[PDB]
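Student: pasting the sequence and an experimental structure:
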Amino acid sequence: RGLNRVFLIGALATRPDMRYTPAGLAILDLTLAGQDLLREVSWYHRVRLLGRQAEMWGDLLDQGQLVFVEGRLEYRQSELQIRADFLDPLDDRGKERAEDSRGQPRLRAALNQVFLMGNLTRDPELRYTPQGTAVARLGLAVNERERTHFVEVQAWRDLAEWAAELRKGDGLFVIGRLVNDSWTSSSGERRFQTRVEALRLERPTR
C-alpha cells in the first residue's frame, strides 16, 4: 500500500523564488534549513509549492522565517523532489537559529520526518564501515493513486542488519529523515540528490 508523507519545520535559508508558467501556474521554490542532534545532523531541503498555496505566500516570506511544510516526494526520470502541499509560517518565540558559513539561518531542533511505504525494487545491499558498523541501502517503489515514485533508503546499525534479511518484492514501511548528497561531477557538473535515512522500518504483509 502506498504511503508518502513529508513533514518539515525549518528556517528559510534565503528569500523564496516565485515564478509563473506561461499558463499562469504559480511556482514557489523555497529552501528550508534545519539541524538536530541525534550525532549532529544538518540539512538544506528545496521544496516546491504550486498554485493557490504558492500564491498565498508570495511576497510574504523572508529569509529566517520558520515554516511548517506538509508534502510528499515526487519522482521523475532521475530526480526526487520535495513537493509542498501546504506551508504555514510559525512564531519563532523560544526558537533558536544557527548560522552557516554563508550567513544563512538553520533552525536548531528542527523537524525532518517522512513516512513511506512500498515494495523493494531489489535485494538489500549491506556494507560495513572500517569500524564494523553495518549500513544497508534499499531501493523502494511507492505507488500512488497511477504512478510510481522510486526512493533510495539507507539504514544504519541494528536497523541495517534487520533490513539485510529483506528481499526484492518485500513490502517496506519507513519512518525516516530526508537527506541529500551534493558534489561536482568529473566536469563542472554540479550534482545533487535526495534520499531517506530510516529511523524505523517495518515489513507490511498486506
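Tutor: Sure thing, it's come through. Numbers count the residues shown, from 1 in each chain.
Student: report the separation between residue 158 and residue 77.
Tutor: Per C-beta to C-beta, to the nearest Å, residue 158 is found 33 Å from residue 77. Yep, even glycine has a C-beta here, placed from its N, CA and C like the rest.
Student: neighbours around residue 71, how many?
Tutor: As a burial measure, residue 71 scores 22 neighbours (other C-beta atoms under 10 Å).
Student: swap that for residue 106, please
Tutor: Residue 106 has 21 nearby residues by other C-beta under 10 Å.
Student: per the annotation, how does this structure divide into domains?
Tutor: Annotated domains of the chain cover 1-109, 110-206 [curated CATH domains].
Student: tell me the SS of the most centrally placed residue in the chain?
Tutor: Computing the C-alpha centroid of the chain and ranking residues by C-alpha atoms, centre = their mean puts residue 178 first, at 3.1 Å. Three-state call for residue 178 (DSSP: H, G, I helix; E, B strand; the rest coil): strand.
Student: residues contacting it?
Tutor: Shown in contact with residue 178 (C-beta atoms under 8 Å, 6 or more residues apart in numbering): 6, 8, 43, 45, 82, 112, 114, 194, 195, 196.
Student: ok, now residue 30?
Tutor: 12, 16, 17, 46, 47, 48, 49, 61, 67, 69, 84, 87.
Student: torsion angles phi and psi at the closest residue to it other than its chain neighbours?
Tutor: Excluding the flanking residues, the one nearest residue 30 by C-beta to C-beta, 6 or more residues apart in numbering is residue 16, at 4.5 Å. Phi and psi for residue 16, reported as degrees, to the nearest 10, are phi -60, psi 150.
Student: list the buried residues in the longest helix anywhere in the chain.
Tutor: If you go by DSSP state H, the chain has its longest helix at helix 157-163. Buried residues in helix 157-163, defined by neighbour count with 16 or more other C-beta atoms under 10 Å: 159, 160, 162, 163.
Student: that concludes my questions; thank you for your assistance.
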